[PDB]
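Reading the structure
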Amino acid sequence: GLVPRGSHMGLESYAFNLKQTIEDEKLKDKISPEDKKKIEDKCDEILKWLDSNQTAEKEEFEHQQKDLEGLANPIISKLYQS
């Protein structure tokens, strides 16, 4: 073990959604295009990895997650200034 699919969809999904969110007309403008790029770049990256991999041993699949969590959460925290 060696990640099973669930987790694989889970990351793809997170990654995917951060993206949607960042480019959602209703939010698009409340996020500095620096942070916007940073998110787009980590997301795009991870998705590519996920794509090449759909399994690779977890003890690091996590690295790839936490890497992106580390970016997003702080950014999108500030973002929920609705």
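Residues numbered from 1 in each chain as written, not as in the entry; some residues may be left out. Heavy atoms only, no water. Residues with missing side-chain atoms left out of burial classes, pairs and counts.

Method of determination, as annotated in the archive: X-ray crystallography, at 3.200 Å resolution.

**A short note on the nonpolar core**
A15, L18, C43, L50, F61 and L68 are the most contacted members of the largest nonpolar core, which has 18 residues in total. Beyond its immediate sequence surroundings of up to four residues, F61 is in contact with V3, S7, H8, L11, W49, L50 and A56. (Core = buried A, V, L, I, M, F, W, Y, C linked by side-chain atoms within 4.5 Å. Buried < 20%, exposed > 50% of the residue type's maximum accessible area, 1.4 Å probe, protein only. Contact = heavy atoms within 4.5 Å.)

**As for helix α1 (residues 5-22)**
With 18 residues, α1 should cover 26 Å at 1.5 Å per step; its first-to-last C-alpha distance of 26 Å lies within 8% of that length. Here α1 has its buried residues at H8, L11, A15, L18, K19 and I22. In a view along the axis of α1, the buried residues occupy a sector of 105°, so they form one face of it. (Helix = DSSP H or I, 4+ residues; strand = E, 2+ residues; numbered from the N terminus. Expected span 1.5 Å × (residues − 1). Arc of directions from axis to C-beta.)

**Some words on the packing of aromatic side chains**
Evaluation of the coordinates by the stated rule reveals one aromatic pair. Measuring from ring centre to ring centre gives 6.0 Å for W49 and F61, while their planes differ by 50°; the resulting arrangement is tilted. With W49 in helix α2 (residues 33-53) and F61 in helix α3 (residues 58-79), this pair connects stretches of sequence that are twelve residues apart. The pair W49 / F61 is uniform in exposure class, with both members buried. (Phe/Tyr/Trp six-rings, centres within 6.5 Å; stacked < 30°, edge-to-face > 60°.)

**Quick word on the pattern of salt bridges**
Summed over all chains, the structure comprises seven salt bridges. For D41, the salt bridge goes to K37, with nearest N and O atoms at 2.8 Å. Pair noted here: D41 and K37 are both in helix α2, with a separation of four residues, about one helical turn. The exposure class of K37 is exposed, given its relative accessible area of 52%. Across the pair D67 and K42 runs a salt bridge, and its minimum N-O distance is 3.6 Å. Of this pair, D67 sits in helix α3 while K42 is found in helix α2, placing the two residues 25 residues apart along the sequence. (Salt bridge = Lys/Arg side-chain N within 4 Å of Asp/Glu carboxyl O.)

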